[PDB]
file entry01.cif (mmCIF, C-alpha atoms (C1' of nucleotides) and all ligand atoms)
data_structure
loop_
_atom_site.label_atom_id
_atom_site.label_comp_id
_atom_site.auth_asym_id
_atom_site.auth_seq_id
_atom_site.Cartn_x
_atom_site.Cartn_y
_atom_site.Cartn_z
CA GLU A 19 79.11 190.94 285.25
CA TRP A 20 77.18 188.48 283.03
CA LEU A 21 75.41 191.48 281.34
CA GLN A 22 78.55 192.71 279.66
CA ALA A 23 79.44 189.72 277.66
CA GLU A 24 75.93 189.63 276.31
CA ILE A 25 76.25 192.62 274.16
CA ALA A 26 79.15 190.88 272.57
CA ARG A 27 77.34 187.71 271.50
CA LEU A 28 74.57 189.88 270.15
CA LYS A 29 76.80 192.28 268.49
CA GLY A 30 79.12 189.59 267.40
CA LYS A 31 78.66 188.18 263.95
CA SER A 32 78.07 184.54 263.06
CA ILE A 33 77.22 182.23 260.17
CA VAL A 34 74.07 180.12 260.16
CA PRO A 35 73.68 177.39 257.57
CA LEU A 36 70.64 178.00 255.41
CA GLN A 37 69.16 176.28 252.32
CA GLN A 38 70.17 179.24 250.12
CA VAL A 39 73.84 178.91 251.24
CA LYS A 40 73.97 175.20 250.67
CA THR A 41 72.53 175.66 247.17
CA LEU A 42 75.40 177.95 246.16
CA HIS A 43 78.16 175.83 247.61
CA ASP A 44 77.15 172.84 245.51
CA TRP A 45 76.60 174.89 242.35
CA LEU A 46 80.03 176.58 242.74
CA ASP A 47 81.63 173.15 243.07
CA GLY A 48 80.16 172.16 239.75
CA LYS A 49 81.61 175.36 238.26
CA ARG A 50 84.99 174.80 240.01
CA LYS A 51 85.38 171.16 238.81
CA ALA A 52 84.17 172.11 235.30
CA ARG A 53 86.35 175.35 235.11
CA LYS A 54 83.31 177.34 233.88
CA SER A 55 82.98 181.05 234.60
CA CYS A 56 79.55 182.21 235.76
CA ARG A 57 77.75 185.03 237.64
CA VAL A 58 75.68 185.17 240.84
CA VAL A 59 72.85 187.72 240.96
CA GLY A 60 70.35 188.86 243.54
CA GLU A 61 69.17 191.75 245.70
CA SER A 62 71.65 193.43 248.02
CA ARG A 63 70.33 192.12 251.34
CA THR A 64 70.13 188.44 250.44
CA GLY A 65 73.49 187.69 252.02
CA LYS A 66 75.50 186.85 248.91
CA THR A 67 78.83 188.14 250.32
CA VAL A 68 78.43 185.99 253.44
CA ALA A 69 77.67 182.80 251.49
CA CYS A 70 80.92 183.40 249.55
CA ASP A 71 82.88 183.89 252.80
CA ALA A 72 81.44 180.62 254.15
CA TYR A 73 82.54 178.92 250.89
CA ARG A 74 86.12 180.31 251.01
CA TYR A 75 86.61 178.94 254.53
CA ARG A 76 85.94 175.33 253.50
CA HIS A 77 89.15 175.19 251.40
CA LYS A 78 92.18 176.22 253.60
CA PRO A 79 95.63 177.03 252.00
CA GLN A 80 98.41 174.38 252.17
CA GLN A 81 101.93 175.69 253.08
CA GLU A 82 105.35 173.94 253.20
CA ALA A 83 108.43 175.45 254.65
CA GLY A 84 110.00 176.62 251.45
CA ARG A 85 107.96 176.77 248.26
CA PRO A 86 104.82 179.02 247.77
CA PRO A 87 101.24 177.88 248.77
CA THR A 88 98.28 176.15 247.04
CA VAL A 89 95.10 178.33 247.36
CA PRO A 90 92.02 176.96 245.49
CA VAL A 91 89.54 179.90 245.91
CA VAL A 92 90.25 183.69 245.72
CA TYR A 93 87.63 186.22 246.94
CA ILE A 94 87.89 189.99 246.20
CA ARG A 95 85.53 193.01 246.60
CA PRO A 96 86.79 195.74 244.18
CA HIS A 97 86.53 199.43 245.22
CA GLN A 98 84.30 201.84 243.26
CA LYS A 99 85.54 202.47 239.65
CA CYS A 100 88.27 199.81 240.19
CA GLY A 101 90.83 200.08 237.31
CA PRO A 102 93.34 197.46 236.01
CA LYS A 103 96.22 198.22 238.46
CA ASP A 104 93.71 198.15 241.36
CA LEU A 105 92.36 194.71 240.33
CA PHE A 106 95.86 193.20 240.02
CA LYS A 107 96.84 194.76 243.37
CA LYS A 108 93.83 193.02 245.07
CA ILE A 109 94.49 189.57 243.51
CA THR A 110 98.17 189.96 244.56
CA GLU A 111 97.33 191.08 248.15
CA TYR A 112 94.81 188.30 248.94
CA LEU A 113 97.78 185.91 248.47
CA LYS A 114 100.24 188.11 250.48
CA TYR A 115 102.81 188.19 247.67
CA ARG A 116 105.49 190.61 248.99
CA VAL A 117 106.08 192.76 245.85
CA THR A 118 103.98 195.97 246.18
CA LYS A 119 105.08 198.58 243.49
CA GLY A 120 104.83 198.45 239.67
CA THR A 121 103.75 199.73 236.25
CA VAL A 122 100.23 198.50 235.13
CA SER A 123 101.93 196.20 232.56
CA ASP A 124 104.24 194.83 235.30
CA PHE A 125 101.34 194.03 237.70
CA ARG A 126 99.48 192.34 234.78
CA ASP A 127 102.38 189.97 234.05
CA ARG A 128 103.07 189.46 237.81
CA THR A 129 99.38 188.60 238.53
CA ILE A 130 99.22 185.96 235.77
CA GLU A 131 102.50 184.59 237.18
CA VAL A 132 101.20 184.32 240.81
CA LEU A 133 97.91 182.67 239.71
CA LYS A 134 100.12 180.01 237.95
CA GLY A 135 102.18 177.62 240.21
CA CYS A 136 99.99 178.86 243.13
CA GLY A 137 97.30 176.61 241.63
CA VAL A 138 94.22 178.90 241.93
"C1'" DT B 1 183.22 261.01 255.83
"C1'" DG B 2 179.10 259.69 253.31
"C1'" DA B 3 178.50 255.65 250.09
"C1'" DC B 4 178.10 250.42 250.16
"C1'" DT B 5 177.09 245.62 252.39
"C1'" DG B 6 175.83 242.50 256.33
"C1'" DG B 7 172.45 241.53 261.00
"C1'" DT B 8 168.71 240.08 263.58
"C1'" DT B 9 163.18 238.49 267.50
"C1'" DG B 10 114.54 216.62 236.44
"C1'" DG B 11 113.49 214.37 232.09
"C1'" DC B 12 110.71 210.80 229.02
"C1'" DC B 13 106.51 208.26 228.88
"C1'" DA B 14 102.32 205.76 230.82
"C1'" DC B 15 98.22 206.06 233.55
"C1'" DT B 16 94.40 208.49 236.29
"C1'" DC B 17 90.94 212.02 238.01
"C1'" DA B 18 88.07 216.41 238.48
"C1'" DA B 19 85.79 219.05 235.20
"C1'" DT B 20 83.39 221.30 231.90
"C1'" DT B 21 81.63 221.37 226.95
"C1'" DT B 22 78.63 219.80 223.84
"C1'" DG B 23 75.18 217.33 222.24
"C1'" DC B 24 70.67 214.58 222.57
"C1'" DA B 25 66.42 212.74 224.60
"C1'" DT B 26 62.41 213.70 227.73
"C1'" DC B 27 59.20 216.05 229.96
"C1'" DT B 28 55.97 220.15 230.75
"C1'" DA B 29 53.00 223.90 231.28
"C1'" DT B 30 51.12 227.26 228.73
"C1'" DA B 31 49.13 229.69 224.20
"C1'" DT B 32 46.33 229.33 220.70
"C1'" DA B 33 43.17 228.43 216.59
"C1'" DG B 34 38.67 225.32 214.95
"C1'" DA B 35 34.09 221.89 215.90
"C1'" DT B 36 29.94 221.64 218.50
"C1'" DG B 37 25.88 222.92 220.74
"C1'" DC B 38 22.05 225.87 222.75
"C1'" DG B 39 19.05 230.31 222.75
"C1'" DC B 40 16.55 233.19 220.80
"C1'" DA B 41 14.63 236.18 216.58
"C1'" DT B 42 12.50 235.74 212.00
"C1'" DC B 43 9.97 233.95 208.19
"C1'" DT B 44 6.45 230.65 206.22
"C1'" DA B 45 2.49 227.77 206.38
"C1'" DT B 46 -2.23 226.25 208.38
"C1'" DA B 47 -6.40 226.34 210.84
"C1'" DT B 48 -10.95 228.50 213.07
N1 LIG A 201 73.77 182.51 256.18
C1 LIG A 201 73.64 183.53 257.02
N2 LIG A 201 73.70 183.30 258.36
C2 LIG A 201 73.57 184.33 259.20
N3 LIG A 201 73.37 185.61 258.93
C3 LIG A 201 73.31 185.82 257.61
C4 LIG A 201 73.43 184.86 256.62
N4 LIG A 201 73.31 185.46 255.36
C5 LIG A 201 73.12 186.73 255.62
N5 LIG A 201 73.11 187.01 256.96
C6 LIG A 201 72.94 188.31 257.60
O1 LIG A 201 72.85 189.29 256.60
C7 LIG A 201 73.45 190.52 257.06
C8 LIG A 201 74.49 190.97 256.07
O2 LIG A 201 74.00 190.78 254.72
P1 LIG A 201 75.05 190.41 253.57
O3 LIG A 201 76.20 191.35 253.62
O4 LIG A 201 75.33 188.94 253.61
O5 LIG A 201 74.18 190.72 252.25
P2 LIG A 201 74.55 190.76 250.70
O6 LIG A 201 73.35 190.35 249.91
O7 LIG A 201 75.84 190.04 250.49
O8 LIG A 201 74.80 192.33 250.48
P3 LIG A 201 75.22 193.20 249.19
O9 LIG A 201 74.76 192.40 247.99
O10 LIG A 201 74.50 194.52 249.33
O11 LIG A 201 76.72 193.34 249.26
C9 LIG A 201 73.94 190.24 258.49
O12 LIG A 201 73.01 190.68 259.45
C10 LIG A 201 74.10 188.72 258.49
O13 LIG A 201 73.99 188.17 259.79
MG MG A 202 77.98 191.38 249.11
#

call {"tool": "encode", "arguments": {"input": "entry01.cif", "output": "structure tokens"}}
result
Amino acid sequence: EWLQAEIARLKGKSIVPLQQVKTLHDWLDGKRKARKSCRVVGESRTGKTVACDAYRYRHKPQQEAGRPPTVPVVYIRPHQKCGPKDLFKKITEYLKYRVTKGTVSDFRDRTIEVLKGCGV
DNA sequence: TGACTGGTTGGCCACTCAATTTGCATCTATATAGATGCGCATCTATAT
């Protein structure tokens, strides 16, 4: 009946535009055009991760039949005590590059090489 | 006639994690010797 779907809208997650989200998207675009690194800080329930999701979605990948894709924005949440091989594995996986095994020095070189040409 | 011979169905390196030692900084809750102040005795002086 009608009552059963309604848990799902409620339980279901959604994104609501808010002033705080808009503020970040414009600031990040300044940083992205300028190629300036920066940090975002704030308390854990302010919804930082969600604003960053909403930002990622506004810039879809472009894919041709043969050559590899353009992807402007990469988002990763490291695991606790994330080491070098674990960081390179996450950058590599968010792009779905097929190679999965390697020495730390091999993943380092391979990560630099997939950020290049892919146009991040 | 009793001999001879032939017959024949894991290793070499690079990286990571639980641990467990050692050292340092920060309470903390008690233990312990010195000022300070009444509370009365004791002496001295003064007056009728
Ligand atoms: N723009 C938004 N629209 C709708 N809901 C939002 C928005 N921003 C945050 N929320 C709500 O915040 C909750 C999740 O918080 P979120 O994970 O965004 O916080 P956070 O600050 O990124 O957390 P942390 O820093 O601890 O990782 C959800 O209930 C989600 O609906
Ligand atoms: Mg977050």

call {"tool": "closest_atom_pairs", "arguments": {"input": "entry01.cif", "of": "chain A", "to": "ligand MG 202 (chain A)", "cutoff": "9 Å", "atoms": "only C-alpha atoms and all ligand atoms", "output": "JSON lines"}}
result
{"residue": "A:62", "atom": "CA", "partner": "A:MG202", "partner_atom": "MG", "distance": 6.7}
{"residue": "A:63", "atom": "CA", "partner": "A:MG202", "partner_atom": "MG", "distance": 8.0}
{"residue": "A:64", "atom": "CA", "partner": "A:MG202", "partner_atom": "MG", "distance": 8.5}
{"residue": "A:65", "atom": "CA", "partner": "A:MG202", "partner_atom": "MG", "distance": 6.5}
{"residue": "A:66", "atom": "CA", "partner": "A:MG202", "partner_atom": "MG", "distance": 5.2}
{"residue": "A:67", "atom": "CA", "partner": "A:MG202", "partner_atom": "MG", "distance": 3.6}
{"residue": "A:68", "atom": "CA", "partner": "A:MG202", "partner_atom": "MG", "distance": 6.9}
{"residue": "A:69", "atom": "CA", "partner": "A:MG202", "partner_atom": "MG", "distance": 8.9}
{"residue": "A:70", "atom": "CA", "partner": "A:MG202", "partner_atom": "MG", "distance": 8.5}
{"residue": "A:95", "atom": "CA", "partner": "A:MG202", "partner_atom": "MG", "distance": 8.1}

call {"tool": "write_last_selection", "arguments": {"input": "entry01.cif", "atoms": "C-alpha atoms", "output": "tab-separated table (two decimals), keeping the file's coordinate frame"}}
result
chain	number	residue	atom	x	y	z
A	62	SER	CA	71.65	193.43	248.02
A	63	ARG	CA	70.33	192.12	251.34
A	64	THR	CA	70.13	188.44	250.44
A	65	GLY	CA	73.49	187.69	252.02
A	66	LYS	CA	75.50	186.85	248.91
A	67	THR	CA	78.83	188.14	250.32
A	68	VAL	CA	78.43	185.99	253.44
A	69	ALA	CA	77.67	182.80	251.49
A	70	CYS	CA	80.92	183.40	249.55
A	95	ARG	CA	85.53	193.01	246.60

call {"tool": "residues_near_ligand", "arguments": {"input": "entry01.cif", "ligand": "ligand LIG 201 (chain A)", "cutoff": "12 Å", "atoms": "all atoms listed in the file", "output": "VMD selection string"}}
result
chain A and resid 28 to 43 58 to 73 95 to 96

call {"tool": "interface_residues", "arguments": {"input": "entry01.cif", "of": "chain A", "to": "chain B", "cutoff": "10 Å", "atoms": "all atoms listed in the file", "output": "list in words"}}
result
residues 101, 103, 121, 122 and 123 of chain A

call {"tool": "axis_aligned_box", "arguments": {"input": "entry01.cif", "around": "stretch 67-85 of chain A", "padding_each_side": "6 Å", "output": "AutoDock Vina command-line options"}}
result
--center_x 93.8 --center_y 181.0 --center_z 251.5 --size_x 44.3 --size_y 26.2 --size_z 18.4

call {"tool": "residues_around", "arguments": {"input": "entry01.cif", "residues": "residue A:90", "least_positions_apart": "4", "cutoff": "10 Å", "atoms": "only C-alpha atoms (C1' of nucleotides)", "output": "number ranges by chain"}}
result
A: 50, 74, 77-80, 136-138

call {"tool": "atom_distance", "arguments": {"input": "entry01.cif", "atom1": "atom CA of residue A:25", "atom2": "atom CA of residue A:76"}}
result
28.6 Å

call {"tool": "atom_distance", "arguments": {"input": "entry01.cif", "atom1": "atom CA of residue A:112", "atom2": "atom CA of residue A:87"}}
result
12.2 Å

call {"tool": "atom_distance", "arguments": {"input": "entry01.cif", "atom1": "atom CA of residue A:133", "atom2": "atom CA of residue A:47"}}
result
19.2 Å

call {"tool": "residues_around", "arguments": {"input": "entry01.cif", "residues": "residue A:118", "least_positions_apart": "3", "cutoff": "12 Å", "atoms": "all atoms listed in the file", "output": "VMD selection string"}}
result
chain A and resid 103 to 104 106 to 111 114 to 115 121 to 122 124 to 125 128 to 129

call {"tool": "residues_around", "arguments": {"input": "entry01.cif", "residues": "residue A:135", "least_positions_apart": "6", "cutoff": "10 Å", "atoms": "all atoms listed in the file", "output": "PyMOL selection string"}}
result
chain A and resi 85-88
